[PDB]
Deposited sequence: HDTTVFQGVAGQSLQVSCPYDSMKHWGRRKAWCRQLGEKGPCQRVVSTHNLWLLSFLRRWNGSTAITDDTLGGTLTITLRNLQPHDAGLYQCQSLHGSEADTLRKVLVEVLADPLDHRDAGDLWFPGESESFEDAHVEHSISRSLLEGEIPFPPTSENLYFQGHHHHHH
């Protein structure tokens, strides 16, 4: 597990490394813990660089470097908890990283 803390009201940047060759062709998803799915990368894998949003949560993927980037805009106290980066393939979903987010003031 990894912990990311950010000041309230600002953007928090969560980085998620993976093996770019192992997960080649797979979309990624950001979910919160069951595991409520928040956002996934674009349906067209060659457009994984595209920033996609759910509310004030953005996801973007560098598939050459193997870096998945989740952005949390306007970090509120409610946004603390436990989340997962996952790699989707068919119906299954391997966890890439489990992430705990903290807020400060």
Lining up the deposited sequence with the coordinates, I want the ranges that have no C-alpha atoms. 1 to 2, 36 to 40, 113 to 169
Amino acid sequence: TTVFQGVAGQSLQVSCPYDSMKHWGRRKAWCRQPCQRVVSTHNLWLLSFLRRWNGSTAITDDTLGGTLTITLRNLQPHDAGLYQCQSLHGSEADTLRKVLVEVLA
From here on, numbers count along this sequence of modelled residues.
On mean Cα temperature factor in this entry, is 48 to 56 or 70 to 78 the higher one? 70 to 78
Highest mean C-alpha temperature factor of the two stretches 58 to 66 and 35 to 43, which is it? 35 to 43
In terms of recorded Cα temperature factor, pick the maximum from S91, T95, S15, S20. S91
